[PDB]
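# Starting from these lines, generate the structure:
(chains A, B, C and D, ligands or ions: 10)
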4 protein chains.
Amino acid sequence: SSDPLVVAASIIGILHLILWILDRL
Amino acid sequence: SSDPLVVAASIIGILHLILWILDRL
Amino acid sequence: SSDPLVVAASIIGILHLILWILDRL
Amino acid sequence: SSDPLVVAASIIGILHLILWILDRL
Ligand SMILES: CCCCCCCC/C=C/CCCCCCCC(=O)OC[C@@H](O)CO
Ligand SMILES: CCCCCCCC/C=C/CCCCCCCC(=O)OC[C@@H](O)CO
Ligand SMILES: CCCCCCCC/C=C/CCCCCCCC(=O)OC[C@@H](O)CO
Ligand SMILES: CCCCCCCC/C=C/CCCCCCCC(=O)OC[C@@H](O)CO
Ligand SMILES: [Ca+2]
Ligand SMILES: [Ca+2]
Ligand SMILES: [Ca+2]
Ligand SMILES: [Ca+2]
Ligand SMILES: [Ca+2]
Ligand SMILES: [Cl-]
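Residues are numbered from 1 along each chain as shown, chains lettered A, B, ... in the order given. Ligands and ions are numbered 1, 2, ... in the order given. See below for the structure:
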């Protein structure tokens, strides 16, 4: 388990990646 | 909970995101 | 130890870095 | 505390940031 702030940051980072890929495609 | 260095990195990453968005807007 | 979602995000981030470097080289 | 892989990723991310800033300055 991780600090909730670290979980939140990981979620935001993954979604940032996903949105960038979808934008480029 | 997380290593303090990982918490710090998550904070910096989130703030980096926020600043980028504000700059673009 | 960390939340599995945080481990996954860290792996994805490292691989993202690696792929970017290989692309540029 | 965090998984060692997550600590490593956080270190790499911070250093990536630092190098980018120094390059731009
Ligand atoms: C990038 C596409 C998605 C939009 C993302 C835009 C950025 C939004 C960022 C929001 C930050 C919310 C983070 C919320 C973090 C909450 C921290 C908390 O309540 O617990 C503190 C712990 O440290 C105590 O153990
Ligand atoms: C990007 C906009 C905001 C400016 C950010 C610029 C980058 C600044 C980076 C500073 C790095 C500070 C990290 C500080 C990390 C401290 C680590 C610590 O004291 O505990 C070590 C643990 O591993 C032991 O359990
Ligand atoms: C960027 C080059 C590599 C391609 C990456 C493309 C992005 C793929 C992202 C996939 C996200 C998979 C994350 C999978 C995360 C699973 C979370 C889980 O099962 O446990 C939940 C815990 O919170 C409970 O403790
Ligand atoms: C970007 C400027 C700095 C150069 C960075 C270039 C990228 C180098 C990346 C290297 C990845 C090394 C990560 C090393 C991670 C080791 C994982 C480990 O041994 O423990 C596994 C745990 O999950 C078990 O609990
Ligand atoms: Ca906390
Ligand atoms: Ca430590
Ligand atoms: Ca969990
Ligand atoms: Ca932990
Ligand atoms: Ca492990
Ligand atoms: Cl963590």
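# Near ligand 10, which residues of chain A are found?
A:2, A:6 (C-beta under 5 Å from the ion). Placement of C-beta: from N, CA and C, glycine included.
# Around chain B, pick out the residues from chain A.
Contact residues, chain A versus chain B (C-beta under 8 Å from any C-beta of the partner chain): A:1, A:2, A:3, A:5, A:6, A:8, A:9, A:10, A:12, A:13, A:16.
# which of those come close to chain D?
Okay, of these touching chain D (C-beta under 8 Å from any C-beta), that's A:2, A:6.
# hmm, which of the residues of chain A next to chain B are the buried ones?
A:2, A:3, A:6, A:9, A:10, A:13 (16 or more other C-beta atoms under 10 Å in any protein chain shown).
# and ligand 4, which of those reach it?
Residues of those in contact with ligand 4 (C-beta under 6 Å from any ligand atom): none.
# For chain A, what lies in contact range of ligand 3?
A:14, A:17.
# ok, now with 8 Å
A:1, A:7, A:14, A:17, A:18, A:21 (C-beta under 8 Å from any ligand atom).
# By neighbour count, which of the residues you listed wins?
Counting neighbours by other C-beta atoms under 10 Å in any protein chain shown, the top entry in the residues of chain A next to ligand 3 is residue A:7, with 18 neighbours.
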